[PDB]
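> sequence, then the experimental structure. Questions to follow.
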Amino acid sequence: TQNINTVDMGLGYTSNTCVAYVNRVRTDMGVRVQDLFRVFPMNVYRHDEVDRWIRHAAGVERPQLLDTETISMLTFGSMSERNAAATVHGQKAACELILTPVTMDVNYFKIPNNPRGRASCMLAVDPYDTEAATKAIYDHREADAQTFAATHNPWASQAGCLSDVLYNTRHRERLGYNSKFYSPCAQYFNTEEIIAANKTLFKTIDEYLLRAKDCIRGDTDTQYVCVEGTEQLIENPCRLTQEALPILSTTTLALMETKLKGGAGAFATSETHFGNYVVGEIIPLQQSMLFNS
Amino acid sequence: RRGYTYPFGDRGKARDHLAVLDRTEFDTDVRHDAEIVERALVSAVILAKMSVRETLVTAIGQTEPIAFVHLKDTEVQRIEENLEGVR
Amino acid sequence: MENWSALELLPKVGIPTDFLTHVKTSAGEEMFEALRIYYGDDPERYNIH
Amino acid sequence: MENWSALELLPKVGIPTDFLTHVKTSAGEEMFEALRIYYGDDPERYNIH
Amino acid sequence: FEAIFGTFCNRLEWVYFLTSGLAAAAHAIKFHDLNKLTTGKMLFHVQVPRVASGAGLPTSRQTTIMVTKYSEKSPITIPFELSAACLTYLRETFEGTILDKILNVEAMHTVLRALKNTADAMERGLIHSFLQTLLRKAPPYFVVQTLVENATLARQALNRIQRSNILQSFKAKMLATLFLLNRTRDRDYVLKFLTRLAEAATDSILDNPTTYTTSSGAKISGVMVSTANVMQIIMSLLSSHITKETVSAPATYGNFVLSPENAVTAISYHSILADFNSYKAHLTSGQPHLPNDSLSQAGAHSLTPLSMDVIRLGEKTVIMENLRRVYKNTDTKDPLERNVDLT
Amino acid sequence: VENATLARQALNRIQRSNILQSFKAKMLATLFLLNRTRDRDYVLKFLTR
Amino acid sequence: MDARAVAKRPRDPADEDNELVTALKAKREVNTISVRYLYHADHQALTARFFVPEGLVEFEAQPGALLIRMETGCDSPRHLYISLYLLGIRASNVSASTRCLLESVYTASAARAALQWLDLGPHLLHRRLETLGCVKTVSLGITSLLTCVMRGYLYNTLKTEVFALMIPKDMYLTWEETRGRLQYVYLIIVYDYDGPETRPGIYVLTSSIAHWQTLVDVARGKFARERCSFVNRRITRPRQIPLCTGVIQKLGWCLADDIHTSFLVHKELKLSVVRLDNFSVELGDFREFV
Amino acid sequence: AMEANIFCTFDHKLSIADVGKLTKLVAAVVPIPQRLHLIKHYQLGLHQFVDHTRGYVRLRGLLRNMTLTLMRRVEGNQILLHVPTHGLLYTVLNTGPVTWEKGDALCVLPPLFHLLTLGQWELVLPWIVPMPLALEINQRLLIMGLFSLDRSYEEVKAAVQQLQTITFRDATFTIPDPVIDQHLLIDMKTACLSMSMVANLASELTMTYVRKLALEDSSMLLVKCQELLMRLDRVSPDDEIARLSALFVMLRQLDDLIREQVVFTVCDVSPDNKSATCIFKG
Amino acid sequence: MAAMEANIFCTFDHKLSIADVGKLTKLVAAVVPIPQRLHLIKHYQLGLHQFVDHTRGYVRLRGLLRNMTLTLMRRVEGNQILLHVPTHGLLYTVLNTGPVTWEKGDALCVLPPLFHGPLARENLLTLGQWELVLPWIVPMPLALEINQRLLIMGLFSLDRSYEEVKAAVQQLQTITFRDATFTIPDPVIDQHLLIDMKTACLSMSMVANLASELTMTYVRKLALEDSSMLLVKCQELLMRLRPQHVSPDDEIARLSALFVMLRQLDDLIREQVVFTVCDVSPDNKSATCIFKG
């Protein structure tokens, strides 16, 4: 045993962590859905026949009548779903919200905007101001400054909404869930500590370094919240800006085809047909990631 | 009560059939008493045939016949004459 | 809180100090752990218990 | 309120000390102002931090 | 028969903390009495410069900030295990026969082999914990990039307009250079980004002028570190700026011994003040400026030359460092190889 | 030579998935190497790899 | 064999050199590890490491508390480590003010999860819990680390601090004003056989009696209301089979001249406690008495 | 500084593979009939005790008073047994059929399910098992011995089928039957006869003795007791002396099953679950 | 205070003869009861001579002897007795004083003496109206027999005459354990015996209630089919004169409580193991022993 201790004798910050070379994507980089039946396992339709019909038609197995001690463990934390039979692609991870079909998609899917509905930047408010921050988050008589409508998804940007009770962890504890499961939407809905993180700028930086990251069990085919020591924390810039990046998305294979054919940096532009549209991939990480070498 | 404290060849399907048997409440109109008493009878006969340790037909689609389990035949013909007389 | 009078009266080491931001900006946003900003001329360092 | 460890580890003068009553009586009747009477021996005095 | 050829035992390659190039960011000081302190504080009395103003302007007041700064401790441990058969063959002979010498020499050599392996593990764990403590106090690129440019505006406490500009440039520089060396292979752009990085972070307060000086009087400003293949990319792309040559390093840890006067304040007032005799001398004399730091004099006095990689950029010669040797055949990850979640 | 640091245990499912992905990436690009490219530095880098 | 070896004085087990020293000096090397006095060599506190979540580590940063483990029937945690202060909710002997206080400190998931696990099966607590001893250290990360002491004293390393076991005042129980010179301390769990209020009575008895028959004989005469309650629930609800009206086990012994009072502080929530300074741990299994 | 090590010699030629088999059983428990100094292998374990017509309980009664030694080292032509003392801590192998955890209390049991073998010798080692499974095995075996006479019926075969298996954490394990060829062994016959005798005398004499005591009833407890006994119930004094002595001798012929002294308590198990560290207890 | 010291120096305050010290040096490695546990005690507390009441209640003395401290005697020199206190599980020898024969592998127990009279001729230190009476160390069968016979005499003395209880006293007091005769010195009815009788009768009613159907009728079933000498010896101590229901999940809890009740019964006569001899001397005067105290 060697007791050591360091004195960080630099007045300013004396060390910088630049990011250099990405080479592998351990996720699938594709499209699946979060298994919400596995997230909340003990929510049964009160009539028996409609529940069996729904669980059979959705392709989801019965909860096997988990006894109350296992239920208390599942509220404490447990891994439920086994890994798949085989996977050439990466680990599955995705999620789902509920959107209004006439939202301002030109301002809300071409630039990085928060999918909660409003500009939820914790840094923009004054420090130690919980009232002004929760008014910026929850009130709808003032507009946010990023998009000057007060709302871009009224099913998602109000307190106690659908995606609040599905994705705010404080509301999720009242329904009971697998805490070992990771949900990538909750980092935009954890207003229990978004309020508690609106500090001064350098305090926000050091609060971003330690304990703002997340832990992911890499080995298992599904994503799991890890424990510290088995795996290091995973650095995340989306926790700082409270944004999310627009990956490209066609609604018709013609647009995917004419994006694939041209090439040479033709990915960041948004091209809009009558009913069909592509949004620009903002950082070309589908253009020259694999072909660089 | 007698099915709670009894050992079976399998516990799960015995518990399932007993769960169908208990909490049995009849409606006030007489039309839907027959199907509820019939599902009670098929659950009771499944407990009967499995508790005496003999096989039941496990073919999907065909239900097991409502019959008496291991009886002396003079009481059986007594049951036939009584049930025909009330027919 | 520490004895800032001990920081004031005792001899120091002359260092060409420089950091990236302004001094008052790093002070009002608490870049460090604990700070102490007397603004005029405090007589408290001339009292020794 | 006072490190009594800092009483044992330092050296000290040897004085013939005479109290009016018995020393435990003047101890337990708090004629003094702060006392740390302990029986036996404590290893509290050694682990200096 | 079968032909058993000569057995192969892997020689444990050795790496020490000072002979590795990572020690340039550190300041190695040995101190035997480390198991009896709580925190190592370090205070600063920073007077600011003011400036005379014109008529009607608000006059700036003569003010001065004071700031403490503490230490962080993280002890490093290793278990190693011994069988009781090794013990009972170590300290005990069995009638002095030839079948006892084999087991006794085997037990002693196994014990000393495990001790050398544990010492090398303790050195590598010191390197690992030092790199962890350095990386925990490391802001990313975009924050210091926005802070080196907009510091000349925000001279008061941070306003809402200034934090709005800082957040906009946060998003701008974050969307600019998340993956730079994967994106572009420009020589001049990568070198300009690296010298902007070198001028971005500020230096420390103290440095021994005799340490980390190369041949021909060149003075090292710092050390950068990366993994193997990105260092290969830098060595293949920035090859016109790598002057592979020797450098000076401290040979041993500098010692730190408390005075006989220091034990008195250690016992009574539960505190330790270094350079105590110089403090009472300069206080009795009245010259209020020490010639050097207390912690700087306690460093090394002997130097060793050793070959390393130094790059010249903006006349800020910095040491490039590869960390393949420290974590080869180990059971932990490199702390430099993280993962990033772009949601 | 690219994924050697991450096998600090016996390699699990997702790591050999990445290995197979890099098999598919490398086998299609580096199959007939002197027939696609004839730059001196690319063949130099390939020979030193 | 010869007379000199049995006529020699016994070899000093500490003043002889260590196994590392007699391995080094026979081959004459040097290493950066200082060796010549190994720590913990003159120790008899038989320690055991333990991993705990954050919800059960409150009231444990101050050393000395009973690390009593439990088991849940669910297969993913096979055991859990309750503190004695966390058992006070299920303790019927704990007063309502003290219970309302210590429920305002264990408001993490693990504590209330254990509370739900305690009162769920068809068993009592004596076949649900299992006693280990006292905790002396804490690493205190998020997942903490505790080092209990099964047998021996409670001391810091290098013997410079004799740690002390505290128990809350609502579980302390002495039975004679004339306390003996040496006294032992036992863990009594009684049961009031009320229907809804089957929450047990927790007691930490400190008596001079070391025998077992003369302890349970004077223990029948101090819980005769609960004994008659056992017979009462036996007669008014027949064809239910309860058992183990009370259970005791030997926890240890103290010196009886230093059992005093103190108060724990944890996030400025004080709590009056009975403190046992020179505690020893000598475990006994859960015996029962009717 | 050698410790107490019983030198256990052998009486048979062994191959190198025999010693390589035996050197896997280092940190295991061994029962020894007498705390001796030099011993053969014929008094080493339980195969000297195993009788054809005597069973589990008579093995257990000859298991309460055995010095539970270990095997510190094995070498040429000898074994070094290591007697443990109460207070120290020793490594014990997980040679039982059921795994352990951290914090359990461990005790000894005969091996119900089935090592060195010779022509007349088979080296057999006792099961080491946590306390709740031990009590479960006792209460399983006594009741399964109690279903001996009425074995002919068709329901009770399914009942003893249910009673035959136990459940621990991931241990769906079953035991052999005490009754062989529809008649009980004399060991379990005595074990069940003692229980039936103490029940049949308690249901007979306690009423008379509690109504004798009821005049000197000085508590609010014995009256509820005799009311309970009265609600259940709906000669020369040398017979009473003989009946009370019969009651206490059938109690005295029962104490091998009524309890189990804790021997080991684990402190930390090895990873991959093959050994543990246990403080020995009396 | 200081802790339990390993050494208790017993000092004889009287003057002494030579022959009394000659008897005293023969009594090394014997057991003594000590109530005080000081360092330099006198001889008054040494031995059981402080406990001889004018009734000499044997159940009272039996209850009081376990409350004292068993201690070994060593270093018999001039007016010094080094009393070695015991520790948990070490190995040091003993020396018996009673005429009770010992074998190997058995346990031992502390007990008040038997057939107390000068016909036995205890040469036990006559001086100053004070005789050092030593506690007997007896094996477990003799101790269990004397405790069960004392409990039989206690339970039998209810609602009976002053001649039939004397007829039971003259019959029961003879013990013939291992070819030697021991009578019971002055057994009296006592309140300690009364409360032990009370606990015994309560436990007897609890086993009378908690016994199930088959658990009582098993001997009646066995008397129809099997016939042995044991069954004819016990069935003529019982009364003279196809399971209807069976539920093993009920009988498991029935016997789980039944073993607890039988433990609560049998703990009143099987007191405490205090010595377990590994091996003896062939002249049966001393023995190497385990677990002092």
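That came in fine, so what should we check first? Numbering: from 1, shown residues only, chains lettered A, B, ... in the order given.
> check contacts around residue C:9.
Residues near residue C:9 by Cβ atoms under 8 Å, 6 or more residues apart in numbering or on different chains: residue C:45. Using the backbone N, CA and C atoms, a C-beta is placed for each residue, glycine as well.
> how about it, phi and psi?
Residue C:9 adopts backbone torsions of phi -80, psi -40, taken as degrees, to the nearest 10.
> from residue E:288, how far out is it?
Look at residue C:9 and residue E:288: by Cβ to Cβ, to the nearest Å, they are 9 Å apart.
> what's the answer for residue E:239, then?
51 Å.
> tell me which of the two has more neighbours.
Ranked by neighbour count (other Cβ atoms under 10 Å in any protein chain shown), residue E:239 and residue E:288 place residue E:288 first, with 12 against 9.
> tell me where the stretch 151-282 of chain H has helices.
H:154-164, H:186-213, H:222-232, H:237-252 (DSSP state H, counting those that start in this stretch).
> next, count neighbours for residue G:125.
For residue G:125, the neighbour count with other Cβ under 10 Å is 20.
> burial measure for the closest residue to chain D within chain B, as a count.
Relative to chain D, the nearest point of chain B is residue B:11 (61.0 Å; Cβ to the nearest Cβ). Residues near residue B:11, counting by other Cβ under 10 Å, number 10.
> just residue H:274 next, same as before
Close neighbours of residue H:274, defined as other Cβ under 10 Å, add up to 12.
> list the contacts of it.
Contacts here follow Cβ under 8 Å, 6+ apart; on that basis residue H:274 touches H:93-94.
> cool, and residue E:187?
Taking Cβ under 8 Å, 6+ apart as the test, what residue E:187 contacts is E:237-238, E:240.
> going through those residues, which ones are buried?
With burial judged by 16 or more other Cβ atoms under 10 Å in any protein chain shown, the buried subset of the contacts of residue E:187 is residue E:238.
> which ones among the contacts of residue E:187 lie within helices?
residue E:237 (DSSP state H).
> how many other residues sit next to residue 130?
Going with chain A. Residue A:130 has 11 neighbours, counted by other Cβ under 10 Å.
> think we crossed wires, I meant chain H
Residue H:130: 23 surrounding residues under other Cβ under 10 Å.
> and the gap between the closest residue to it other than its chain neighbours and residue H:269?
Distance criterion Cβ to Cβ, 6 or more residues apart in numbering or on different chains; nearest residue to residue H:130, sequence neighbours excluded, is residue H:104 at 4.2 Å. Per Cβ to Cβ, residue H:104 is found 10 Å from residue H:269.
> next one: residue E:176
Separation of residue E:176 from residue H:269 (Cβ to Cβ): 54 Å.
> same drill for the two, tell me which one is more crowded.
It is residue H:269, of residue E:176 and residue H:269, that has more neighbours when counted by other Cβ under 10 Å, with 19 against 14.
> distance check, residue A:72 against chain C.
41 Å (Cβ to the nearest Cβ, to the nearest Å).
> now what about the helix or strand harbouring that residue, what contacts it?
Assigned by DSSP states H and E, residue A:72 belongs to helix A:68-76. Residues from elsewhere that reach helix A:68-76, judged by Cβ under 8 Å, 6+ apart: A:41-42, A:66, A:78, A:80, A:176-179, G:72-77, G:109-110, G:113, G:116-117, G:120-121.
> hmm, 6 Å instead?
The contact list for helix A:68-76, computed with Cβ atoms under 6 Å, 6 or more residues apart in numbering or on different chains, reads A:176, G:72-74, G:76, G:113, G:116.
> next, the buried residues of the helix or strand harbouring residue B:39.
Using DSSP H and E, the element containing residue B:39 is helix B:33-51. By 16+ other Cβ under 10 Å, the buried positions in helix B:33-51 come out as B:42-51.
> from the residues you listed, which are also near chain C?
Among the buried residues of helix B:33-51, proximity to chain C is found for none (Cβ under 6 Å from any Cβ of the partner chain).
> can I get those in JSON lines with distance to chain A?
Formatted as JSON lines, the buried residues of helix B:33-51 follow (distance: Cβ to the nearest Cβ, whole Å):
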{"residue": "B:42", "distance to chain A": "17"}
{"residue": "B:43", "distance to chain A": "15"}
{"residue": "B:44", "distance to chain A": "20"}
{"residue": "B:45", "distance to chain A": "22"}
{"residue": "B:46", "distance to chain A": "19"}
{"residue": "B:47", "distance to chain A": "20"}
{"residue": "B:48", "distance to chain A": "25"}
{"residue": "B:49", "distance to chain A": "24"}
{"residue": "B:50", "distance to chain A": "20"}
{"residue": "B:51", "distance to chain A": "22"}
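> now for these: which two are most distant?
Within those, B:42 and B:51 form the most distant pair, 14.6 Å apart (Cβ to Cβ).
> spit out the contact partners of residue A:24.
residue F:18 are the contacts of residue A:24 under Cβ under 6 Å, 6+ apart.
> let's see 8 Å
Residue A:24 neighbours (Cβ under 8 Å, 6+ apart): F:3, F:18, F:21-22.
> go on, residue E:115?
G:20, G:23-24, G:31, G:33.
> need the buried ones from these selected in PyMOL.
In PyMOL, a selection of the buried entries from the contacts of residue E:115 looks like this (16+ other Cβ under 10 Å):
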select buried, chain G and resi 20+23+24
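> ok so, going back, which of the helices of the stretch 151-282 of chain H sits most buried?
When you average the neighbours per residue for each of the helices of the stretch 151-282 of chain H (mean count of other Cβ atoms under 10 Å in any protein chain shown), helix H:186-213 leads with a mean of 21.
> still on that earlier bit, what is the nearest of the contacts of residue E:187 to residue A:5?
Ranked by distance to residue A:5 (Cβ to Cβ), these are led by residue E:238 at 36.3 Å.
> measure residue H:251 to residue I:262 for me?
When residue H:251 is compared with residue I:262 (using Cβ to Cβ), they lie 7 Å apart.
> can I get the helices of the stretch 151-282 of chain H in JSON lines with distance to residue G:205?
Below are those laid out as JSON lines (distance: least, Cβ to Cβ, whole Å):
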{"stretch": "helix H:154-164", "distance to residue G:205": "39"}
{"stretch": "helix H:186-213", "distance to residue G:205": "29"}
{"stretch": "helix H:222-232", "distance to residue G:205": "26"}
{"stretch": "helix H:237-252", "distance to residue G:205": "29"}
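> dump these into a markdown table; add distance to chain E as well.
As requested, these are exported to a markdown table (distance: least, Cβ to the nearest Cβ, whole Å):
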| stretch | distance to chain E |
| --- | --- |
| helix H:154-164 | 42 |
| helix H:186-213 | 40 |
| helix H:222-232 | 58 |
| helix H:237-252 | 44 |
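> nearest to chain B among those helices would be which one?
helix H:154-164 (3.9 Å).
> does chain B sit close to that closest one?
Yes - against chain B, helix H:154-164 shows contacts by Cβ under 8 Å from any Cβ of the partner chain at H:154-155, H:158-159, H:161-162.
> can you map out the helices along chain B?
With DSSP H as the criterion, chain B has helices at B:11-21, B:33-51, B:73-86.
> columns distance to residue A:154 on top of those helices, output as TSV?
Below are the helices of chain B laid out as TSV (distance: least, Cβ to Cβ, whole Å):
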stretch	distance to residue A:154
helix B:11-21	44
helix B:33-51	47
helix B:73-86	67
